[PDB]
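Participant: This one is entry.cif, mmCIF, C-alpha atoms.
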data_run
#
loop_
_atom_site.label_atom_id
_atom_site.label_comp_id
_atom_site.auth_asym_id
_atom_site.auth_seq_id
_atom_site.Cartn_x
_atom_site.Cartn_y
_atom_site.Cartn_z
CA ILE A 13 -15.54 8.90 -10.06
CA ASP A 14 -17.48 9.91 -6.98
CA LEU A 15 -15.29 9.40 -3.93
CA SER A 16 -18.13 10.47 -1.59
CA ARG A 17 -19.75 7.10 -2.25
CA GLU A 18 -16.62 5.04 -1.67
CA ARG A 19 -16.21 3.01 1.53
CA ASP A 20 -13.06 3.93 3.44
CA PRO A 21 -9.91 1.94 2.81
CA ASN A 22 -9.26 -0.88 5.27
CA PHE A 23 -6.10 0.57 6.94
CA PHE A 24 -4.04 0.12 9.99
CA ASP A 25 -2.38 3.32 11.41
CA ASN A 26 1.03 2.27 12.68
CA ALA A 27 1.71 3.92 16.06
CA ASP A 28 5.46 4.16 15.60
CA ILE A 29 5.45 6.46 12.55
CA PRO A 30 3.57 9.54 11.41
CA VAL A 31 0.00 8.95 10.39
CA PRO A 32 -0.48 9.18 6.59
CA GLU A 33 -2.79 12.02 5.64
CA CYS A 34 -4.33 10.64 2.50
CA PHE A 35 -6.58 7.85 1.33
CA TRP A 36 -5.85 6.44 -2.14
CA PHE A 37 -8.24 4.42 -4.33
CA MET A 38 -7.13 2.47 -7.42
CA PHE A 39 -9.55 1.96 -10.31
CA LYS A 40 -9.59 0.22 -13.69
CA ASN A 41 -12.43 1.71 -15.75
CA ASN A 42 -15.08 2.28 -13.07
CA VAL A 43 -14.06 -0.55 -10.91
CA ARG A 44 -12.29 -0.24 -7.60
CA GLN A 45 -9.30 -2.56 -7.33
CA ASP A 46 -7.98 -1.69 -3.85
CA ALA A 47 -7.42 1.28 -1.55
CA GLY A 48 -5.03 2.36 1.13
CA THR A 49 -3.28 5.27 2.87
CA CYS A 50 -0.34 7.42 1.78
CA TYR A 51 1.46 10.63 2.78
CA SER A 52 0.65 14.07 1.42
CA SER A 53 3.34 16.24 -0.18
CA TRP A 54 5.24 13.06 -0.95
CA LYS A 55 5.97 10.35 -3.48
CA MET A 56 5.68 6.61 -3.89
CA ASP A 57 6.18 3.96 -6.54
CA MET A 58 3.05 1.86 -7.00
CA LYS A 59 2.24 -1.00 -9.34
CA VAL A 60 -0.91 -0.04 -11.22
CA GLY A 61 -2.02 -3.04 -13.28
CA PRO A 62 0.77 -3.80 -15.77
CA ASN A 63 2.92 -0.71 -15.05
CA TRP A 64 4.83 0.89 -12.21
CA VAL A 65 3.74 4.47 -11.67
CA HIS A 66 5.65 7.15 -9.78
CA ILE A 67 2.88 8.90 -7.86
CA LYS A 68 3.34 12.36 -6.39
CA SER A 69 0.93 13.78 -3.83
CA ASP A 70 0.33 17.46 -3.12
CA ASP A 71 -0.69 19.06 0.20
CA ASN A 72 -4.31 18.28 -0.54
CA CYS A 73 -3.74 14.61 -1.41
CA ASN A 74 -4.18 15.09 -5.14
CA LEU A 75 -2.22 12.33 -6.84
CA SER A 76 -0.23 12.77 -10.07
CA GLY A 77 1.40 10.13 -12.19
CA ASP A 78 1.71 8.49 -15.62
CA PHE A 79 -1.14 6.02 -15.20
CA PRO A 80 -1.71 3.33 -17.84
CA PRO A 81 -4.77 3.65 -20.05
CA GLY A 82 -8.00 3.05 -18.19
CA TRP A 83 -6.38 3.20 -14.75
CA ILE A 84 -6.26 5.88 -12.09
CA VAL A 85 -5.24 6.23 -8.47
CA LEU A 86 -7.30 8.99 -6.77
CA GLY A 87 -6.48 10.64 -3.50
CA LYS A 88 -8.54 12.29 -0.75
CA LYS A 89 -7.47 14.00 2.41
CA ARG A 90 -8.48 11.96 5.42
CA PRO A 91 -11.05 13.44 7.82
CA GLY A 92 -9.30 15.49 10.53
CA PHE A 93 -6.12 15.90 8.48
CA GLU B 5 15.81 6.19 5.39
CA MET B 6 12.79 4.23 6.58
CA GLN B 7 11.18 1.80 4.16
CA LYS B 8 7.52 1.16 3.49
CA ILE B 9 6.91 -1.87 1.32
CA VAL B 10 3.41 -3.18 0.51
CA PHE B 11 2.85 -6.59 -1.04
CA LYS B 12 -0.34 -8.06 -2.37
CA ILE B 13 -0.72 -11.78 -1.63
CA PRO B 14 -3.75 -12.96 -3.37
CA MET B 15 -5.77 -15.85 -2.23
CA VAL B 16 -4.31 -15.70 1.33
CA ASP B 17 -6.55 -17.29 4.01
CA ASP B 18 -6.41 -16.56 7.72
CA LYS B 19 -3.83 -19.25 8.45
CA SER B 20 -1.73 -17.95 5.52
CA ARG B 21 -2.14 -14.33 6.80
CA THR B 22 -0.73 -15.46 10.15
CA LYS B 23 2.06 -17.38 8.39
CA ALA B 24 2.88 -14.28 6.28
CA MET B 25 3.06 -11.98 9.28
CA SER B 26 5.29 -14.40 11.16
CA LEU B 27 7.61 -14.73 8.21
CA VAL B 28 7.78 -10.96 7.70
CA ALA B 29 8.27 -10.16 11.43
CA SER B 30 11.19 -12.64 11.59
CA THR B 31 12.99 -10.86 8.67
CA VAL B 32 16.05 -8.66 9.23
CA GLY B 33 15.20 -4.98 9.16
CA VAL B 34 11.46 -5.27 9.80
CA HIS B 35 9.87 -3.01 12.43
CA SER B 36 6.25 -3.88 11.78
CA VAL B 37 3.82 -5.72 9.57
CA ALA B 38 0.06 -5.50 9.14
CA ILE B 39 -2.57 -7.05 6.86
CA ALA B 40 -4.94 -4.56 5.31
CA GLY B 41 -6.81 -3.74 2.13
CA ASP B 42 -10.18 -4.32 0.52
CA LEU B 43 -9.49 -8.10 0.25
CA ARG B 44 -7.33 -8.34 3.38
CA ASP B 45 -4.36 -9.30 1.06
CA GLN B 46 -2.29 -6.17 1.46
CA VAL B 47 0.81 -6.85 3.59
CA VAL B 48 2.15 -3.49 4.79
CA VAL B 49 5.81 -3.72 5.94
CA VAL B 50 7.77 -0.91 7.61
CA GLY B 51 11.47 -1.06 8.57
CA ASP B 52 15.03 -0.14 7.77
CA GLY B 53 17.57 -2.35 6.01
CA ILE B 54 14.96 -4.81 4.61
CA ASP B 55 16.12 -6.88 1.65
CA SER B 56 12.74 -6.70 -0.14
CA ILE B 57 13.71 -9.05 -3.01
CA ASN B 58 14.77 -11.77 -0.57
CA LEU B 59 11.49 -11.13 1.34
CA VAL B 60 9.18 -11.46 -1.71
CA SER B 61 10.99 -14.68 -2.69
CA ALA B 62 10.45 -16.14 0.80
CA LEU B 63 6.75 -15.17 0.68
CA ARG B 64 6.43 -16.81 -2.71
CA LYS B 65 8.13 -20.01 -1.50
CA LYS B 66 6.21 -20.30 1.77
CA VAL B 67 2.91 -18.39 1.52
CA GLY B 68 1.49 -17.49 -1.85
CA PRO B 69 2.19 -15.61 -5.10
CA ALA B 70 3.25 -12.32 -3.59
CA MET B 71 3.63 -9.25 -5.69
CA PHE B 72 4.90 -5.78 -5.02
CA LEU B 73 2.17 -3.11 -4.77
CA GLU B 74 4.27 -0.21 -3.38
CA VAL B 75 7.79 0.79 -2.46
CA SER B 76 8.19 4.13 -0.69
CA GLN B 77 9.87 5.94 2.22
CA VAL B 78 8.16 6.93 5.44
CA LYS B 79 7.57 10.69 5.64
CA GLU B 80 9.18 11.59 8.93
CA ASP B 81 7.92 14.60 10.98
#
For the file at hand, write its structure as structure tokens.

Facilitator:
Amino acid sequence: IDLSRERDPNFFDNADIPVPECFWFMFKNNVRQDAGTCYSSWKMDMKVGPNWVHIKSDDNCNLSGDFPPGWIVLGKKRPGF
Amino acid sequence: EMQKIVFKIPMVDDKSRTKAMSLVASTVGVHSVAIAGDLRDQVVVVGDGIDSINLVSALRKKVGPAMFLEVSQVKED
């Protein structure tokens, strides 16, 4: 998947809390489902189609998890972060 | 510590987005709510002491068929 050709997520940076460093993009096969923001060097539980996935992010916004077949959540460091 | 909860509420229209935000903002523990996402059906909730199961039930009863997308903690500085 070529993230360079993906439109940015439609996000709202909350002023009261630290700004999340990463964009995430969820796909089934080649098809974008949704996108958002998340923290680097962190963890979240996210529902990915029919399964919860525990997603870990590294310092560079690479996302790791046990994704169900055909699905992925891909991370990118935000510009300026 | 501080909760981040994101729901997806499919099929929401603008009046239902407003209704959803009002409902969420009036809930114990909530600090903020925003609507985001590729379809404008992501409801991003941040707070502390939010009963998220009671909240999703209220959204389902009053707004639309809400589902959990994410549960996480805010990464504090």

Participant: Compile a residue-level contact table for chain A against chain B at a cut-off of 6 Å, reporting for every qualifying residue the shortest atom pair and its distance in Å to one decimal, with all atoms listed in the file counted, rows ordered by chain and ascending number, as JSON lines.

Facilitator:
{"residue": "A:22", "atom": "CA", "partner": "B:41", "partner_atom": "CA", "distance": 4.9}
{"residue": "A:23", "atom": "CA", "partner": "B:40", "partner_atom": "CA", "distance": 5.5}
{"residue": "A:46", "atom": "CA", "partner": "B:42", "partner_atom": "CA", "distance": 5.6}
{"residue": "A:56", "atom": "CA", "partner": "B:76", "partner_atom": "CA", "distance": 4.8}
{"residue": "A:57", "atom": "CA", "partner": "B:75", "partner_atom": "CA", "distance": 5.4}
{"residue": "A:58", "atom": "CA", "partner": "B:74", "partner_atom": "CA", "distance": 4.3}
{"residue": "A:59", "atom": "CA", "partner": "B:73", "partner_atom": "CA", "distance": 5.0}

Participant: In Å, rounded to a single decimal, give me how far CA of residue 36 in chain A is from CA of residue 90 in chain A.

Facilitator: 9.7 Å

Participant: Work out how far apart CA of residue 26 in chain A and CA of residue 26 in chain B are and give it in Å to one decimal.

Facilitator: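 Rounded to one decimal, the two atoms are 17.3 Å apart.
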
Participant: Give me the result of the PyMOL selection byres ((chain A and resi 83) around 9) on this file, residue by residue, as a compact mmCIF listing (two decimals) with C-alpha atoms, in the frame of the given file.

Facilitator:
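Output file part.txt is given in full below:
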# COMPACT_ATOMS: atom_id res chain seq x y z
CA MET A 38 -7.13 2.47 -7.42
CA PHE A 39 -9.55 1.96 -10.31
CA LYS A 40 -9.59 0.22 -13.69
CA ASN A 41 -12.43 1.71 -15.75
CA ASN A 42 -15.08 2.28 -13.07
CA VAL A 60 -0.91 -0.04 -11.22
CA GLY A 61 -2.02 -3.04 -13.28
CA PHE A 79 -1.14 6.02 -15.20
CA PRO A 80 -1.71 3.33 -17.84
CA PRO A 81 -4.77 3.65 -20.05
CA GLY A 82 -8.00 3.05 -18.19
CA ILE A 84 -6.26 5.88 -12.09
CA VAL A 85 -5.24 6.23 -8.47

Participant: Could you state which residues are captured by the PyMOL selection byres ((chain B and resi 23) around 12) in this file, as JSON, numbers by chain?

Facilitator: {"B": [13, 16, 17, 18, 19, 20, 21, 22, 24, 25, 26, 27, 28, 29, 30, 37, 39, 47, 62, 63, 64, 65, 66, 67, 68]}

Participant: So, counting all atoms listed in the file, which residue among A:67, A:73, A:50, A:43 is closest to residue 13 in chain A?

Facilitator: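 Closest to residue 13 in chain A, using all atoms listed in the file: A:43.
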
Participant: Could you get me a file of chain B with C-alpha atoms, as a short mmCIF file (atom, residue, chain, number, x, y, z; two decimals), in the first residue's frame, taken from the block above?

Facilitator:
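Written output follows (result_27.cif):
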data_model
loop_
_atom_site.label_atom_id
_atom_site.label_comp_id
_atom_site.auth_asym_id
_atom_site.auth_seq_id
_atom_site.Cartn_x
_atom_site.Cartn_y
_atom_site.Cartn_z
CA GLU B 5 -5.33 7.45 33.84
CA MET B 6 -6.93 9.46 31.04
CA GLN B 7 -9.27 7.66 28.67
CA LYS B 8 -9.55 7.94 24.92
CA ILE B 9 -12.59 6.17 23.51
CA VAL B 10 -13.56 6.32 19.82
CA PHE B 11 -16.95 5.17 18.59
CA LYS B 12 -18.14 4.74 15.05
CA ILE B 13 -21.76 5.78 14.54
CA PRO B 14 -22.69 4.91 11.07
CA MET B 15 -25.32 6.68 9.15
CA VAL B 16 -25.19 9.76 11.45
CA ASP B 17 -26.44 13.00 9.82
CA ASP B 18 -25.60 16.51 10.94
CA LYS B 19 -28.51 16.75 13.37
CA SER B 20 -27.54 13.31 14.78
CA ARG B 21 -23.86 14.44 15.04
CA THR B 22 -25.00 17.41 17.12
CA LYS B 23 -27.26 15.13 19.21
CA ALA B 24 -24.33 12.71 19.75
CA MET B 25 -21.96 15.42 20.88
CA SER B 26 -24.52 16.85 23.29
CA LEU B 27 -25.19 13.44 24.75
CA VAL B 28 -21.48 12.68 25.13
CA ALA B 29 -20.61 16.12 26.60
CA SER B 30 -23.36 15.71 29.23
CA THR B 31 -21.88 12.34 30.40
CA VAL B 32 -19.98 12.00 33.69
CA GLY B 33 -16.24 11.92 33.19
CA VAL B 34 -16.12 13.47 29.71
CA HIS B 35 -13.62 16.27 29.03
CA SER B 36 -14.15 16.58 25.30
CA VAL B 37 -15.80 15.14 22.25
CA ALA B 38 -15.21 15.63 18.53
CA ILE B 39 -16.57 14.16 15.28
CA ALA B 40 -13.91 13.10 12.84
CA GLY B 41 -13.01 10.42 10.31
CA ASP B 42 -13.31 9.72 6.61
CA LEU B 43 -17.15 9.52 6.87
CA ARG B 44 -17.50 12.04 9.72
CA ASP B 45 -18.84 9.12 11.92
CA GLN B 46 -15.92 8.82 14.29
CA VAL B 47 -16.84 10.16 17.75
CA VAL B 48 -13.59 10.80 19.64
CA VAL B 49 -14.15 11.03 23.44
CA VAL B 50 -11.49 11.99 26.00
CA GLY B 51 -11.98 12.02 29.79
CA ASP B 52 -11.46 10.32 33.10
CA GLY B 53 -13.98 8.13 34.92
CA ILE B 54 -16.21 7.57 31.83
CA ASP B 55 -18.49 4.54 32.02
CA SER B 56 -18.04 3.62 28.34
CA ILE B 57 -20.57 0.75 28.34
CA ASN B 58 -23.30 3.02 29.73
CA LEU B 59 -22.26 5.62 27.10
CA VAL B 60 -22.46 3.26 24.09
CA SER B 61 -25.88 2.06 25.30
CA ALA B 62 -27.15 5.66 25.52
CA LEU B 63 -25.81 6.39 22.01
CA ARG B 64 -27.53 3.28 20.70
CA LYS B 65 -30.85 4.23 22.36
CA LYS B 66 -30.82 7.89 21.29
CA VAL B 67 -28.60 8.34 18.23
CA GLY B 68 -27.68 5.37 16.10
CA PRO B 69 -25.99 1.93 16.13
CA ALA B 70 -22.78 2.94 17.82
CA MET B 71 -19.84 0.63 17.94
CA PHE B 72 -16.50 0.76 19.64
CA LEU B 73 -13.56 1.51 17.31
CA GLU B 74 -10.84 2.17 19.95
CA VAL B 75 -10.17 2.13 23.66
CA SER B 76 -6.82 3.55 24.78
CA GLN B 77 -5.09 5.85 27.30
CA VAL B 78 -3.82 9.32 26.54
CA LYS B 79 -0.01 9.44 26.35
CA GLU B 80 0.84 12.18 28.81
CA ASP B 81 4.03 14.28 28.38
#
